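A structural walkthrough
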Amino acid sequence: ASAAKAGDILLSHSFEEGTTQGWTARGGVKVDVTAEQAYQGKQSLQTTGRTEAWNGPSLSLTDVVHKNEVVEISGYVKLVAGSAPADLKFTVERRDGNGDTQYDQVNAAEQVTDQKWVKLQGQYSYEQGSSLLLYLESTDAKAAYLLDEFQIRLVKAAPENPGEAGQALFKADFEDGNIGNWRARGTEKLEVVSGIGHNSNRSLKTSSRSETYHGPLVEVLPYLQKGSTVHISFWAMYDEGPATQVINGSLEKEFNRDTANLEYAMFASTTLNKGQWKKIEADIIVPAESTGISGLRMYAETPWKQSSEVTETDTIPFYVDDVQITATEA
Ligand SMILES: [Ca+2]
Ligand SMILES: [Ca+2]
């Protein structure tokens, strides 16, 4: 039940109030606020007395960053006067699932100087861990430096209800409210609705359908091993019209960037009861590289009829949710 949402600020430190705002010494160092220099405002965070590369100012992230969240960590840095140029980076010390120490890289090291403030920035996430310690490090073990306008932003919330270990290659739950790369096939309308979903708040609605082939489509080739065997699954529901309706799950294939000569293949179909969610699934073979395959797109449709024979019941709007592609091998 994640509180924070994408784009939300988790932490912001300007060091303007003469407290280190949670930052402390890692190793035998001196970490304090200074009013001597700053990026913004009057004050910044100073670190001196380093003697080992791993020494630095540190900040506990245990209560800030959660499992599988993607966050963005940033700050401005500058070397203390009289310091030789040196390379700086953010690192996260993490205790893994079995209490072993891991060292996670946040950003790639940047050359920093005593003349000028430099922006450090990177994205971070973790799958398993008990404690998290962010620190600002240099390979120069003697280097002393300032930090200011430090910030942590939430980029992507943790998915919800993350079963069987086949490895999830592709997932769409729509909970972030985002249509992403999903597109219409013709003139129909795609919309991420809230208040309707499969054991969830949101799902992908397709409406204003006027042809049977109209339905939601997404390119999936990039997420997949060419030649592999994978399991495609999604959930569908329709809420109006007849007592029963068939939905199909199909694949649209493109070879050698030839857009004029597509191949189509149905992988599954099921009969749905009005108002009920039902799983549509199958194993499929991703075409081999030798085929010259350049596009592979999954979609949902109602069974094919010619335009002249198309009725109000063929063109029903429907919802799709918990779309998922998993590997068969691990
Ligand atoms: Ca400041
Ligand atoms: Ca959903």
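Residues numbered from 1 in each chain as written, not as in the entry; some residues may be left out. Chains lettered and ligands numbered in written order. Heavy atoms only, no water.

Judging from the entry metadata, X-ray crystallography is the method by which this structure was determined, and 2.43 Å is the reported resolution.

Going by what the PDB entry lists, the protein chain is known as Endo-1,4-beta-xylanase C and is assigned to Paenibacillus barcinonensis.

**Side note on the coordination of the calcium ion (ligand 1)**
When four donors bind a metal tetrahedrally, each ideal donor-metal-donor angle is 109.5 degrees, and when six bind octahedrally, the ideal angles are 90 or 180 degrees. For clarity, the cut-off: Note: metal donors comprise N, O and S atoms at 2.8 Å or less from the metal (3.2 Å for Na, K and Ca); water molecules are not included, so apparent gaps in a site are possible. Each helix is a run of H or I in the DSSP string that is no shorter than four residues. Each strand is a run of E no shorter than two, and both are numbered from the N terminus.
Surrounding the calcium ion (ligand 1) are the protein donor atoms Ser-14 (O), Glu-16 (OE), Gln-40 (O), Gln-43 (O), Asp-148 (OD) and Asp-148 (OD), at 2.2 to 2.5 Å. Spacing between the donor residues of the calcium ion (ligand 1) along the chain follows S-x1-E-x23-Q-x2-Q-x104-D. Taken as a pair, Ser-14 in the loop between β1 (9-13) and β2 (24-26) and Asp-148 in strand β12 (residues 145-156) lie far apart in primary sequence, 134 residues in all.

**Notes on the pattern of salt bridges**
Formally: Only one rule defines a salt bridge in this text: a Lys or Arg side-chain nitrogen within 4 Å of an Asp or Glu carboxyl oxygen.
Taken as a whole and assessed by the stated rule, the structure comprises 12 salt bridges. The salt bridge involving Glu-301 is made with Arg-185; its shortest N-O contact spans 4.0 Å. Pair noted here: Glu-301 is in strand β21 (residues 293-301) and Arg-185 is in the loop between β13 (168-172) and β14 (189-194), with a separation of 116 residues, a long-range link. Put simply, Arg-297 and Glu-252 hold a salt bridge, and the shortest N to O gap is 2.6 Å. Of this pair, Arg-297 sits in strand β21 while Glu-252 sits in strand β18 (residues 244-255), and the two are 45 residues apart along the sequence.

**Here we look at the coordination of the calcium ion (ligand 2)**
Note the threshold: Square planar and octahedral sites, with four and six donors, are those where opposite donors lie more than 155 degrees apart and all other angles lie between 65 and 115, tetrahedral sites have four donors with every angle between 85 and 135 degrees, and the rest are irregular. Each residue is assigned to one of three classes by its accessible area relative to the maximum for its type, calculated with a 1.4 Å probe on protein chains only: buried under 20%, partly exposed between the two thresholds, exposed over 50%.
In this structure, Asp-173 (O), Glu-175 (OE), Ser-200 (OG), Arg-202 (O), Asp-321 (OD) and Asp-321 (OD) serve as the protein donors to the calcium ion (ligand 2), at separations of 2.2 to 2.7 Å. Around the calcium ion (ligand 2), the six donor atoms are arranged such that angles at the metal cover 53 to 161 degrees; this shape is classified as irregular. Ordering the donors of the calcium ion (ligand 2) by residue number gives the pattern D-x1-E-x24-S-x1-R-x118-D. One end of the pair, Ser-200, is in the loop between β14 and β15 (202-207); the other, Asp-321, is in strand β22 (residues 318-327), with 121 residues separating them in the sequence. Judged by relative accessible area, which is 28%, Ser-200 ranks as partly exposed. We classify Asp-321 as buried; its relative accessible area is 0%.

**Notes on the pairing of strand β11 (residues 131-138)**
The side chains of a regular strand alternate, first on one face of the sheet and then on the other. Note the threshold: In this scheme, strands are said to pair when DSSP sees at least two bridges between them.
Burial analysis of β11 places six of its eight residues in the buried class, which makes it a mostly covered element. As defined by bridge partners, strand β5 (residues 56-60) adjoins β11 across three bridges and the pair is classed as antiparallel. Opposite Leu-59, over in β11, you have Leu-134 as the bridge partner. As defined by bridge partners, strand β7 (residues 86-95) adjoins β11 across eight bridges and the pair is classed as antiparallel. For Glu-93, the partnering residue across the bridge sits in β11 and is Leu-133.

**Focus: the nonpolar core**
Quick reminder of the rule: As used in this record, nonpolar core signifies buried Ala, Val, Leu, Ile, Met, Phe, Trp, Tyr and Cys residues forming a set joined through side-chain atoms within 4.5 Å. We call two residues in contact when some of their heavy atoms are within 4.5 Å.
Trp-182, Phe-234, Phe-267, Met-298 and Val-323 are the most contacted members of the largest nonpolar core, which has 37 residues in total. The dominant element in this core, judged by the number of residues it contributes, is β22, at five residues. With sequence-adjacent residues up to four places away left out, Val-323 is seen in contact with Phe-170, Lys-171, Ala-172, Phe-174, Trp-182, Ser-233, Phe-234 and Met-298. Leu-45, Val-92, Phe-150 and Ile-152 belong to the second-largest nonpolar core, a separate cluster that totals 32 residues.

**Comments concerning the domain arrangement of the protein chain**
Formally: The split into domains, and so the bounds of each, comes from an automatic or database assignment of domains.
Taken as a whole, the protein chain is organised into domain 1 (1-160) and domain 2 (161-330). If you average the C-alpha positions of domain 1 and of domain 2, the two centres end up 43 Å apart.

**Some thoughts on the side chain of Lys-78**
Defined as follows: Charge counting follows a simple rule: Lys and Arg are positive, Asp and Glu are negative, and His as well as the terminal groups are ignored. N or O atoms closer than or at 3.5 Å make up a polar contact, with two conditions inside protein: a donor-capable atom paired with an acceptor-capable one, and, for residues adjacent in sequence, both atoms drawn from side chains.
Looking at the secondary structure, you find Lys-78 in strand β6 (residues 70-79). At 7.3 Å, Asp-114 is the nearest oppositely charged side chain to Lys-78, a buried residue that forms no salt bridge. A distance of 3.1 Å separates polar atoms of two side chains, one belonging to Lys-78 and the other to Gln-37.

**A short note on the environment of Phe-255**
Among the structural elements, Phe-255 can be located in strand β18. By relative accessible area, which is 18% here, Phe-255 ends up buried. For the pair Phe-255 and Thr-291, spaced 36 residues apart in the sequence, the C-alpha separation amounts to 7.1 Å.

**Quick word on unusual backbone geometry**
Excluding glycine, a negative phi dihedral is what most residues carry, and trans is how most peptide bonds are arranged. With a phi angle near 50 degrees, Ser-208 is a residue other than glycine that sits in the positive phi range. Relative to the assigned elements, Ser-208 resides in the loop between β15 and β16 (217-219). Residue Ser-208 is classed as partly exposed on the basis of its relative accessible area of 48%. At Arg-257, a position not held by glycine, the phi torsion is positive, near 55 degrees. On the basis of relative accessible area, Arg-257 is assigned to the exposed category, the value being 73%.

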